[PDB]
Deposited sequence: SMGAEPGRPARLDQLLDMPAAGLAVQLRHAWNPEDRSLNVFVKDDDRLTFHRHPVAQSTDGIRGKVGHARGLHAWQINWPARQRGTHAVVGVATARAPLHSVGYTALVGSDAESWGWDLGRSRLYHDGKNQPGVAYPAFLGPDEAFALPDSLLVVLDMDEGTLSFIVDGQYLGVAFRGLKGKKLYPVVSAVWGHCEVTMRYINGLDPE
């Protein structure tokens, strides 16, 4: 479904000021993660017993085709390391280890460890993966949000991987992430957007 995606990716990527406006929101997060003091593009998870922790981006998209880059080293990431989008009503912390992005009707996510899609559950993505199989992801991916068609999809190392979710029109959705393990650091860079007329 890359509609104006080739156009969006041909644009020079947005510079630092736009990247920062679209970045992790230091005031819309689990009490157990923080945006770093010298890198406002990167949050750090700082755990205590049995917690799943999330953070939303500053901008909720009701509109346009948008693309952002997530760096999460593969090393720092196992199961229930989820990348996706969420309503402003998605719980951003839980007690225990869960798929919190995708927990309820308020969030949609891709488990980078399991290659499974979450939303209320447990569907495989990319669809060409077989049973007991996972896509071997590198340190970064692209999250492609289309609030005009109402879909979510991902690119990894140049490959468009398919539409992951549909039915997202009429909502306002932010870059979100949730992690269950370790002192992870997840960078996000807004790449670009094409707004409607």
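What the model leaves out of the deposited chain are the segments 1 to 7, 128 to 131.
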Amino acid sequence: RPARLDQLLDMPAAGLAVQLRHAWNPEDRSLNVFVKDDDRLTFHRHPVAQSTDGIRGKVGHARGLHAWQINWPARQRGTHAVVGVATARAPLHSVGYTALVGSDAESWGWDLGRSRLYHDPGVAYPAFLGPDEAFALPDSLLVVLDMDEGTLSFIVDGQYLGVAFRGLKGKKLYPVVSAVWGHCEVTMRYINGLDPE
From here on, numbers count along this sequence of modelled residues.
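Between 75 to 83 and 96 to 104, the higher mean Cα B-factor belongs to 96 to 104. When the C-alpha B-factors of 144 to 152 and 33 to 41 are averaged, 144 to 152 comes out higher.
Across 65, 70, 48, 55, the entry's maximum B-factor at the CA atom is seen for 48. As recorded in the PDB entry, 126 shows the highest C-alpha B-factor of the residues 91, 126, 113, 109. Sorting the modelled residues of the chain by their CA temperature factor places residue 177 in the lowest third.
The deposited CA B-factor of residue 9 belongs to the highest third of values across its chain.
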